[PDB]
Amino acid sequence: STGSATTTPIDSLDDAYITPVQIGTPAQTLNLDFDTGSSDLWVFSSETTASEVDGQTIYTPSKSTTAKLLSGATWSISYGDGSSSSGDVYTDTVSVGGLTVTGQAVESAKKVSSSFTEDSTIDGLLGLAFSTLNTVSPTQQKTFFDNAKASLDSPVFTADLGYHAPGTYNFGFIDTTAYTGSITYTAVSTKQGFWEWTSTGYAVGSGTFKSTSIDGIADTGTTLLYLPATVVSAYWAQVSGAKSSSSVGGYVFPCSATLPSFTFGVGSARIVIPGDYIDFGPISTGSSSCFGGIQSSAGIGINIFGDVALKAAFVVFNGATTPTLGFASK
Ligand SMILES: Cn1cccc1CNCCc1c[nH]c2ccccc12
């Protein structure tokens with residue numbers, strides 16, 4: 001089997017991407033944020049505290065003839081940005097782009113934090129990291145990908161995120177028309193439960209490539225590119241007037257700037273992030289200070305190749321017995 005679904009930015013900044021997902025019988029379609037940095041499929045639901053729902057589409061398990069309470073199971077998750085959610089668990093039929101999994105754990109939110117409530121466009125998350133990170137207790141549950149894997153033509157999924165435009169998540173096949181040149185594959189460590197890999201270095205604009213190992217995670221559910229302070233300082237030093245603002249929470253730059261590109265290495269290959277991809281617009285409405293798309297990972301504890309980096313590439317998440325990651329230009 002295979003599946004193919006379009007993923008769409010939630011706003012004009014590409015802050016996140018949502019992908020329609022069919023849950024239950026008859027189908028209830030919710031728009032979920034596919035997140036390769038977590039391993040829970042959770043949704044706004046008829047159980048979510050009413051004051052914490054503001055415009056989201058909800059899953060109502062009592063209206064699904066295939067829903068079954070997973071007795072005794074609860075979940076609770078915190079994300080890198082400090083947001084959180086928790087609740088109980090159903091199993092139900094879940095389909096993505098024509099690919100169907102029966103008996104998928106669908107984690108029903110009873111509580112969500114404020115940045116979920118305030119994000120009316122995101123109806124929940126679909127985790128695509130390794131199932132060892134799944135938070136369901138007392139019996140850990142598998143991700144949609146892990147459940148689907150055995151049925152897939154090939155044990156892979158691909159992320160092709162657009163810049164200010166829709167893109168595609170495919171399951172079970174590599175669309176050879178969706179990228180240019182060749183795909184370069186690189187080793188993955190699953191020891192922390194993430195798609196963790198080591199970039200071979202970077203360049204700023206038309207500058208020389210610096211060969212240096214940068215360990216980080218491929219994370220579709222994080223907006224920005226978080227890298228070591230040394231690398232980030234070297235980037236922003238090429239933008240007149242750019243500075244790190246403790247009050248804003250990172251590097252800002254004059255909105256009048258033209259930003260340089262940023263290149264990262266994948267083995268001997270190179271992925272170029274155009275300068276425009278690094279512009280996240282005014283820090284507040286009407287401000288001439290703009291927020292940067294490359295930020296320091298210092299104090300996160302890990303480097304994160306978030307959407308800013310991933311949307312410059314066609315990315316293969318290879319879930320074979322020994323997982324690997326592939327990157328191609330596009
Ligand atoms: C960092 N910063 C700087 C000024 C204002 C900010 C915060 N920008 C948050 C943008 C945002 C809205 N909905 C989201 C959903 C997922 C990820 C990000 C977002």
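Side chains are part of it too, since the values below use all heavy atoms of this structure and drop only hydrogens, waters and symmetry mates. By convention here, the first residue in the shown sequence is residue 1.
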State whether the side chain of [X] and the backbone N or O of [Y] hold a donor-acceptor pair below 3.5 Å, judged by distance alone.
{"X": "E107", "Y": "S86", "value": "no"}
{"X": "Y17", "Y": "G162", "value": "yes"}
{"X": "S154", "Y": "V156", "value": "no"}

Examine [X] and [Y] and state if one hydrophobic cluster contains both, with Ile, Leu, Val, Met, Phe, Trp and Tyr joined whenever side-chain heavy atoms are less than 4.5 Å apart.
{"X": "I271", "Y": "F209", "value": "no"}
{"X": "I300", "Y": "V231", "value": "yes"}
{"X": "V239", "Y": "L227", "value": "yes"}
{"X": "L99", "Y": "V316", "value": "no"}
{"X": "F262", "Y": "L224", "value": "yes"}

- Determine whether more than 12 heavy atoms belonging to other residues, nucleotides or ligands lie under 6.0 Å from atom NZ of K110.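 Open: at most 12 neighbouring heavy atoms sit under 6.0 Å from NZ of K110.
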
- Are more than 12 heavy atoms from other residues, nucleotides or ligands located less than 6.0 Å from atom NZ of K149?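 Atom NZ in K149 is crowded, with more than 12 foreign heavy atoms closer than 6.0 Å.
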
Specify the closest pair of heavy atoms between [X] and [Y], including all atoms of both residues, with the distance to one decimal.
{"X": "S38", "Y": "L125", "result": "OG-CD2, 4.4 Å"}
{"X": "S131", "Y": "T143", "result": "OG-N, 3.1 Å"}
{"X": "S95", "Y": "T100", "result": "OG-OG1, 2.7 Å"}
{"X": "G250", "Y": "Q295", "result": "CA-OE1, 3.3 Å"}

With distance as the sole criterion, is a donor-acceptor pair present between the side chains of [X] and [Y] under 3.5 Å?
{"X": "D81", "Y": "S83", "result": "yes"}
{"X": "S51", "Y": "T49", "result": "no"}
{"X": "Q104", "Y": "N147", "result": "yes"}

- Query: Which residues satisfy the side-chain contact (heavy atoms from CB on, under 4.5 Å) test with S120, sequence neighbours excluded?
  - Reply: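 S120 satisfies side-chain contact (heavy atoms from CB on, under 4.5 Å) with no residue once adjacent residues are dropped.
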
- Could you please spell out the steps behind the side-chain contact (heavy atoms from CB on, under 4.5 Å) verdict for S268 and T184? CA-CA 8 Å; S268 60; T184 297; 5.7 Å; no

Parallel, tilted or perpendicular for [X] and [Y], by the 30°/60° rule?
{"X": "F171", "Y": "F34", "value": "perpendicular"}
{"X": "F157", "Y": "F317", "value": "parallel"}
{"X": "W197", "Y": "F327", "value": "tilted"}
{"X": "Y59", "Y": "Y90", "value": "perpendicular"}

- Message: Please tell me whether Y202 and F264 form a close aromatic pair, meaning their ring centres lie under 6.0 Å apart.
- Response: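 When the ring centroids of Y202 and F264 are compared, they turn out to be at least 6.0 Å apart.
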
- Message: Test side-chain contact (heavy atoms from CB on, under 4.5 Å) on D14 and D307; report intermediate values, then the result.
- Response: CA-CA 8 Å; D14 296 346; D307 296 335; over 6 Å; no

